[PDB]
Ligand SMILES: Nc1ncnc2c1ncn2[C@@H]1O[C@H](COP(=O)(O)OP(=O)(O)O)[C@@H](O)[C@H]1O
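Single chain ahead, by itself, as structure tokens, in the form solved without the named molecule.
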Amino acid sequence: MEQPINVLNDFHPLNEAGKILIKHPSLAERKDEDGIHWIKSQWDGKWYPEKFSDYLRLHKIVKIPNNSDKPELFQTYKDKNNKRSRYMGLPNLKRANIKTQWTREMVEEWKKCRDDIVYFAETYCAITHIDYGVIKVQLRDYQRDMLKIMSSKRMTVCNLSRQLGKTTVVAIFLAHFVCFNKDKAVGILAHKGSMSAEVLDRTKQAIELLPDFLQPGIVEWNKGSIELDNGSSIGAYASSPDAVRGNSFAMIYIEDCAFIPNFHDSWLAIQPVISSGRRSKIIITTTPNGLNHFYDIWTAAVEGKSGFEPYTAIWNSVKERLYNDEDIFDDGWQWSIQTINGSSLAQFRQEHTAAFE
């Protein structure tokens, strides 16, 4: 026996260390159903159609038809041409402290969103506006996962890779928080006020597009903050002790932990709100950056020495990456090899795998 029987000689630079990180697609489970063929993914355990054209057909692009004249269709009604009820003659925003009568159908749907964040996300959260059309968001599975976690746990830490598009889900989450909660102050912190403003900006766009029965009245619409009639608000701040101490956040979102200089100081001021006290919700998303403060935060959470709930999502979350150039499901065998060749294995890991160096 000069050599083994059934190995597989296919090469992948991703399996070039003391481990097999990616399995060849030929080894996957397959099945026929509905006239098409399906492959089960190794990342998901879920079933995908062999032909990319069919994954496309299962994830349609629902366009949102503008409506400003038919209130009965409350799911999309928006009193745009009624200046009396607009926040400063703006078309997409509702004024504050304005009353209206509702049907039982409306109330129940409102309560349905308040308790099912994923429903609210797949049903009313829209993207764009002036180009290609106002459409529903195409939520990815990893995004549903985060909405659910962030929703149920008080403290959350996310270790993500780049290229995933996480700000969309973050924007959706905060839009939900201030929309269904009263008198809650939210604070967005980041390395620079610039990054905070964009997260806030994205959150406003998701709010502007909500239909009137779900959109609260705007009491303030600034570039660095907003406030609603239900007393809730959101402000963009530059991670610093003062920002934290001069406020009473009910929830804090920290984008970039891993790359915040002198995080220990900001961290110090925050634990008061995190620990024994009002116990505000704290959500931190980030991508790994060496063995710094974040390494000992993630570590404490992955083990279970922190109250923080750990969540991780890497390159294989964008499902279109699982289909090769021939438009055939290969579980990302080709998208990783290509991406690597176009750069490096070293670079791939710190960009698509959330590894720590």
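So that there is no doubt, residue numbering starts at 1 and follows the sequence shown. By rigid core we mean the largest C-alpha set that fits within 1.5 Å across both forms.
Missing here is the form solved in complex with the named molecule; even so, the following discussion is about that form.
Using a 2.4 Å cut-off against backbone and C-beta atoms, the named molecule, superposed onto this form from its pose in the entry with it bound, places 3 or more atoms that close, and the site is blocked. Checking 131-139, 145-153, 216-224, 70-78 against the named molecule in the entry with it bound, the stretch whose residues place heavy atoms within 4.5 Å of it is 131-139. Between the named molecule and the residues 282, 164, 93, 125, the one pair within 4.5 Å by heavy atoms in the entry with it bound involves 164. The partner is absent here; in the entry with it bound, the one residue of 86, 202, 191, 184 having a heavy atom within 4.5 Å of the named molecule is 202. Although the partner is absent here, residue 168 sits close enough that one of its heavy atoms falls within 4.5 Å of the named molecule in the entry with it bound.
Shift analysis on the rigid core between the shown form and the other one singles out 129 from 129, 245, 148, 114 (C-alpha displacement of 2 Å or more).
Inter-residue distance, residue 132 to residue 56 (Cα): reduced by at least 3 Å in the entry with it bound versus the depicted form. Between residue 132 and residue 89, the Cα distance is greater in the entry with it bound than in this structure, by no less than 3 angstroms.
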